[PDB]
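**Student:** Quick one: this structure, given as structure tokens, is what I'll be asking you about.
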Amino acid sequence: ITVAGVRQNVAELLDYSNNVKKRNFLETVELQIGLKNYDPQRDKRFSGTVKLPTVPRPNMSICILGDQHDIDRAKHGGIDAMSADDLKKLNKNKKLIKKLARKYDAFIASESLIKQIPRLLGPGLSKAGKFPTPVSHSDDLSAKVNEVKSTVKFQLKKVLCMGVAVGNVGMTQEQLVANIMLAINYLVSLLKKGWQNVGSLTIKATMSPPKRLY
Amino acid sequence: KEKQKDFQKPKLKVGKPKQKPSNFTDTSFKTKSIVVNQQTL
Amino acid sequence: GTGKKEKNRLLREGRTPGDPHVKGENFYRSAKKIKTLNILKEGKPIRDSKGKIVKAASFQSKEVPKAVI
Amino acid sequence: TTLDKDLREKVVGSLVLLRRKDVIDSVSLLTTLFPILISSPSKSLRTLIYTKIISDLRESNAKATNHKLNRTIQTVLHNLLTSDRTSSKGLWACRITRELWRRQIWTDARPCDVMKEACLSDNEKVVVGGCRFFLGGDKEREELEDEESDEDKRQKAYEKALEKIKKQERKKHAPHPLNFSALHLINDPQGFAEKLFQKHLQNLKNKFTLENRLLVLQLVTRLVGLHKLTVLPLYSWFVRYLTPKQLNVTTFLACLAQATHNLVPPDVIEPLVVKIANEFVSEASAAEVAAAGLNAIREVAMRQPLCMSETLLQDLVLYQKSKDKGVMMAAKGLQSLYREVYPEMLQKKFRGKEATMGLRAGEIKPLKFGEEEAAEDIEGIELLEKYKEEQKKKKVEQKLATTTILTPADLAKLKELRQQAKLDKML
RNA sequence: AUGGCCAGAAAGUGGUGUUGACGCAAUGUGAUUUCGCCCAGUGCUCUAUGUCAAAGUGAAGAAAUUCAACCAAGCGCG
RNA sequence: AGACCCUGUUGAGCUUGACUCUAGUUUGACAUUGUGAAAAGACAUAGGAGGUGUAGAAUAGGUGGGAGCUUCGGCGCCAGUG
RNA sequence: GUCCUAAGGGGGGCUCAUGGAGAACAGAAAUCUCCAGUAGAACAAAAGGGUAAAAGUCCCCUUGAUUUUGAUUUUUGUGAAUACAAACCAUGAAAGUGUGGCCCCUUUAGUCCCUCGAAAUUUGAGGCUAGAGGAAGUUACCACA
């Protein structure tokens, strides 16, 4: 797949998203990948994370589930947070845990509380695939939120189809292109046959016609 | 494994009841009745 | 008749080449049957040209074992 | 019931013959045969009717998958299970599902749902039928994986290190343990495991035999281990059974090892490991009891290493000086497991060469709860860039992920360079 | 009977046969009187998926060639 | 120089799913083999239509976005049920 | 199918198993102190050989568990062990010590490796070099030497 073709594909994608037809919100540039010659169940389900150089979804909300010191750091940094008292007041209600999982796309928990998160919130976060990322009391929480925002996840499931968010319309062309190669190269590196198992590639915004890389 | 000792030491197996000693005598027996299937002459 | 060959018979039975094969094994004879029917064939020694025994018969050894307890 | 046996099997065979001659339909034949199958007292009649039903399904789905017929029969079996839980008539549907699954005629998630209803039942025979369906298919999956694999001094030390690196690569990309297609095809595995554990294992009023409770426990623990579920009361339930006096305690320990995984907290596994250490490895304990306990502890530490404290780990590793070979090998297995995983708890005497070299040079990092691999770049991408720079320098004499797309030959070269770097680090 | 069982290197060849089921051919048992069950296995015999040769077909290549389906009888199944 | 025992680079008769072959027989293809009709099958495409175990307003293949789309009537998000 | 087939080098400090006498709970056994203690401990031979300011144990640095060329022994090539020769190193104040652990087919690769013999290019093949893997009985019908 030619890189000039990549840059021109994202060129008409940004052109259509920003000039021809613009929605009322910030559309998200996303990559959809098919798979072939690969077993979903009898083989390994590959899992991996890679940080994009630029934040793909700046509107994503991240909750903080930590100690009082981390709550003070979060309210200093302007990040919403919840406490172990709040988790106890939820009282292991599946509906409330589902509402929290739907409301917050990502969670960051302190090292002292991450070993009690599956005790307090049951299996809800693991079911939603939103198990929190540990943070120590010495690490910078703003930086932690930065790689949590910049990271994407590549897990196999029961089907041979995947979809990831590689940026938004609002960022510029070259860093969009950089996000695209890091995502594609990381996926090819995770794939055990590399390019031989890749079915097809597709890039689009939230509401845009598809552009086929492959 | 081809060695044949005069006496074989029993091997303890965990999660199973202990075997009876070698000098234990078992007096339980079952009996079956022999029947001749012929009518009166 | 390729299908009546013993190789094809063992492949259709499932027994893999490399497994032990007793001499004389066919469709009618299994290994247990050969071991049973060779009992009626045992009882002969192996001799040289001059008539002396060079390999003993079955249960006819000539060796004195070490009988210790 | 009242006909002669030979006449009645002749009537069944003649109905199957008329189906073969296409006089009657498969649905009509099956609706004739199935109530007689579930209600007949004759064992030979039931066996032949079951054989004819299996043959009819095989002949129908041989040329093409008959989705309508499969759906109707699956619905009929599901209704048979749903009508009466306490009845023993569901074992026929269980046996039919096993036979069609092993013949690979049915591969949909609907047989898995039917056998899920079989597991969630009151009758012990249909419960263990569903449990055997979800469990004993692991052997069939292993056979299928074997078929797929069939289809697919210093120099000696370097070769041994390369073999170890190849074994590590096989562990990285090998089929996962405790894996089965039906187990993956179960919808709501957490809900299924919770219902099974609350229905059969928790209930003291259940009069199930110990082997059947162990089958249900094997199902629950394999579900939890495979799908990474979090079922906290199961670990507290294991506490009574973690005793050497318990029958099939080896099966219980294997179940607990299957139940443990990475996302399980160390807070719940550690009392179990402490209890196994107290009851199993001690001064008055037998050698076989100590070896079994240390093997179970090694398996639990394999699934989750953070359960154990450093003092307990050093105490258990010091059992390698024991005169019993089994206890010695179990302690050495635990020591080697923590050597690759987390050598910092291990003593400086017992860490080994590679562990001490890694800890001194700073490559080895502490393993913590919840940590996930977060490689910002591809593995070996720096080595691939160095190789590309060397090639450019050679061409002149005669960033990689940022600009250039990954060629497959370049990816193979990067994998070879990563393997060479791993071999050099091992050497 | 455009047949069954045989002969013959072949034949526009021959035996049964100048024959036609009260016959020809292959067997076992062996005057007269008296005298069940099982198709388990091995034989024999009847009726869409598996196994599936040569020829033929499709694809790749510059070709040699390679890979795929299709695949009669027999075997398996009943 | 018989009969008997023992030995063989032993010979020969016979038997059998022992090995390698073969007469005969059976099946398929090409040719002998000409003049005409009617059918189907398999691919190739040019397309089109579909999804109930229960609960849910409906009849949920799945995946990823997504709180806004909008033909301006609404569909949405929210809530409910999974 | 899982598990085990063993951490080597340098320097420094200290003695082990066990017995006797003592110390709240503490007793046969938990920790502490002294005396006696030729190895009765440990060192990956369960009653072999050898080791006490060590070959044991702990601490601090390290990977001589590294390349290259010959010689010897077990005996063409190996493998193992033994003293070295050259380089690069480690450790210690240094002498020194350390080159490990007390003792015939199949298939892959070769840029500048050689042939396919009228010449050349490309597939393919061969060679050489360096690797990886692994055909039954019976004879009381008989016959011969």
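**Student:** Output yes when any residue across segment D:362-381 is within 14 Å of RNA strand G (Cβ to nearest atom) and in a helix (DSSP H, G or I), and no when none is.
**Tutor:** No, the conditions are met nowhere in segment D:362-381.
**Student:** Being more than 14 Å from every other protein chain (Cβ to nearest Cβ) and more than 16 Å from RNA strand E (Cβ to nearest atom) narrows it down to one residue among D:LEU69, D:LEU100, D:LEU77, D:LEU57; which is it?
**Tutor:** D:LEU77
**Student:** Here is a further query. Considering only residues that are farther than 30 Å from A:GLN68 by Cα and of a type in the set (D, E, K, R), look in segment A:125-171 and name the one that is nearest to the other protein chains (Cβ to nearest Cβ).
**Tutor:** Looking at residues that are farther than 30 Å from A:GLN68 by Cα and of a type in the set (D, E, K, R), I get A:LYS158.
**Student:** Here's a follow-up. Looking at B:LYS13, B:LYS32, which one is loosely packed, with under 10 Cβ neighbours inside 10 Å and among the charged types (D, E, K, R)?
**Tutor:** B:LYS32
**Student:** Out of all the residues in segment D:415-422, is one or more farther than 30 Å from D:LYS153 by Cα, under 35 Å from the mean Cα position of the chain (by Cα) and within 14 Å of chain A (Cβ to nearest Cβ)?
**Tutor:** No, because not a single residue in segment D:415-422 is farther than 30 Å from D:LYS153 by Cα, under 35 Å from the mean Cα position of the chain (by Cα) and within 14 Å of chain A (Cβ to nearest Cβ).
**Student:** Turning to a different aspect of this structure: So which of D:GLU382, D:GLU371, D:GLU310, D:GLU376 is away from RNA strand E (no atom under 16 Å from the Cβ), within 14 Å of chain A (Cβ to nearest Cβ), under 30 Å from D:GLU270 (Cβ atoms) and surrounded by 13 or more Cβ atoms within 10 Å (Cβ to Cβ)?
**Tutor:** Exactly one of D:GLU382, D:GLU371, D:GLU310, D:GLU376 is away from RNA strand E (no atom under 16 Å from the Cβ), within 14 Å of chain A (Cβ to nearest Cβ), under 30 Å from D:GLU270 (Cβ atoms) and surrounded by 13 or more Cβ atoms within 10 Å (Cβ to Cβ), namely D:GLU371.
**Student:** Another question, then. Every residue in segment D:135-168 that is within 14 Å of chain A (Cβ to nearest Cβ), within 20 Å of D:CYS112 (Cα to Cα) and more than 13 Å from RNA strand G (Cβ to nearest atom), please.
**Tutor:** Across segment D:135-168, the qualifying residues are D:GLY137, D:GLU140, D:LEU144.
**Student:** If you go through segment D:335-350 one residue at a time, do you hit one that is within 6 Å of RNA strand G (Cβ to nearest atom) and assigned to a loop (DSSP other than H, G, I, E, B)?
**Tutor:** yes
**Student:** Now, a different point. Is it the case that some residue within segment D:78-89 is buried (at least 23 other Cβ atoms within 10 Å of the Cβ) and not in a loop (DSSP other than H, G, I, E, B)?
**Tutor:** Yes - at least one qualifying residue is present in segment D:78-89.
**Student:** Applying the selection to segment A:97-124, what residues are within 9 Å of chain D (Cβ to nearest Cβ) and not acidic (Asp, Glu)?
**Tutor:** A:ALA109, A:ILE114, A:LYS115, A:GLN116, A:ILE117, A:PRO118, A:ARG119, A:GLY122, A:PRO123
**Student:** Go through segment D:218-235 and give me each residue that's of a type in the set (S, T, N, Q) and not in a helix (DSSP H, G or I).
**Tutor:** Here is the first cut: in segment D:218-235, the residues of a type in the set (S, T, N, Q) are D:218, D:221, D:230.
Within segment D:218-235, just D:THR230 meets the criteria.
**Student:** Let me ask something else. Within segment C:27-47, which residues are in a loop (DSSP other than H, G, I, E, B) and surrounded by 11 or more Cβ atoms within 10 Å (Cβ to Cβ)?
**Tutor:** Listed by number, the residues that qualify are C:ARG29, C:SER30, C:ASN38, C:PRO45.
**Student:** Scan segment A:7-54 for residues that are within 11 Å of chain D (Cβ to nearest Cβ), away from RNA strand G (no atom under 16 Å from the Cβ) and under 22 Å from the mean Cα position of the chain (by Cα) and jot them down.
**Tutor:** A:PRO40, A:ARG45, A:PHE46, A:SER47, A:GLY48, A:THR49, A:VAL50, A:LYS51, A:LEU52, A:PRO53
**Student:** Can you find even one residue in segment D:37-52 that is under 32 Å from the mean Cα position of the chain (by Cα) and assigned to a helix (DSSP H, G or I)?
**Tutor:** Within segment D:37-52 (the criterion being under 32 Å from the mean Cα position of the chain (by Cα) and assigned to a helix (DSSP H, G or I)), the answer is yes, since at least one residue qualifies.
**Student:** Looking for whichever is surrounded by fewer than 16 Cβ atoms within 10 Å (Cβ to Cβ) and either closer than 17 Å to A:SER47 by Cβ or within 20 Å of the chain's Cα centre (by Cα) (or both) here; the options are A:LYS153, A:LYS144, A:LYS127. Which one fits?
**Tutor:** A:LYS153
**Student:** So for segment D:163-183 (the condition being of a type in the set (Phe, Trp, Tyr) and within 28 Å of D:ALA62 (Cα to Cα)), does at least one residue qualify?
**Tutor:** Of all residues in segment D:163-183, those of a type in the set (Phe, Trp, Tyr) come to D:180.
Checking which are within 28 Å of D:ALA62 (Cα to Cα) leaves us with D:180.
Scanning segment D:163-183, I find at least one residue that is of a type in the set (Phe, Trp, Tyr) and within 28 Å of D:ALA62 (Cα to Cα), so the answer is yes.
**Student:** What number of residues within segment D:1-57 are under 21 Å from D:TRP106 (Cα atoms), of a type in the set (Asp, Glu) and exposed (fewer than 13 other Cβ atoms within 10 Å of the Cβ)?
**Tutor:** 1
**Student:** State the number of residues belonging to segment C:17-59 that are more than 16 Å from RNA strand E (Cβ to nearest atom) and out of contact with any strand residue (DSSP E or B) (no Cβ under 9 Å at 6 or more places or on another chain).
**Tutor:** 23
Matching residues to (1) crowded, with 21+ Cβ neighbours inside 10 Å; (2) among the hydroxyl-bearing types (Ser, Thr, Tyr); (3) over 30 Å from B:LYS16 (Cα atoms):
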residue: D:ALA161; (1), (2), (3): no, no, yes
residue: D:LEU178; (1), (2), (3): no, no, no
residue: D:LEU185; (1), (2), (3): no, no, yes
residue: D:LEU210; (1), (2), (3): no, no, no
residue: D:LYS228; (1), (2), (3): no, no, yes
residue: D:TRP237; (1), (2), (3): no, no, no
residue: D:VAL249; (1), (2), (3): yes, no, no
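**Student:** Considering only segment D:126-144, I want to know if a residue exists there that is assigned to a loop (DSSP other than H, G, I, E, B) and more than 23 Å from the chain's Cα centre (by Cα).
**Tutor:** No: segment D:126-144 contains no residue that is assigned to a loop (DSSP other than H, G, I, E, B) and more than 23 Å from the chain's Cα centre (by Cα).
**Student:** What number of residues within segment D:165-180 satisfy the criterion of being in contact with a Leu (Cβ under 9 Å, 6 or more places away or on another chain) and polar (S, T, N, Q)?
**Tutor:** Of the residues in segment D:165-180, 1 are in contact with a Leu (Cβ under 9 Å, 6 or more places away or on another chain) and polar (S, T, N, Q).
**Student:** Being away from chain B (no Cβ under 14 Å), near RNA strand F (Cβ under 8 Å from one of its atoms), basic (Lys, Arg) and part of a helix (DSSP H, G or I) is true for just one of C:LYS7, C:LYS50. Which residue is that?
**Tutor:** So the residue among C:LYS7, C:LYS50 that is away from chain B (no Cβ under 14 Å), near RNA strand F (Cβ under 8 Å from one of its atoms), basic (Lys, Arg) and part of a helix (DSSP H, G or I) is C:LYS7.
**Student:** Now, a different point. Could you look through segment D:80-97, keep only residues that are closer than 21 Å to D:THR47 by Cα and either out of contact with any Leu (no Cβ under 8 Å at 6 or more places or on another chain) or within 14 Å of chain A (Cβ to nearest Cβ) (or both), and pick out the one that is nearest to RNA strand E (Cβ to nearest atom)?
**Tutor:** Within segment D:80-97, the match that is nearest to RNA strand E (Cβ to nearest atom) is D:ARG95.
Note that each Cβ is placed from the backbone with ideal geometry, even for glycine, and that neighbours are counted across all protein chains shown. Read-outs throughout are calculated quantities, based only on the coordinates presented, and are distinct from any laboratory measurement.
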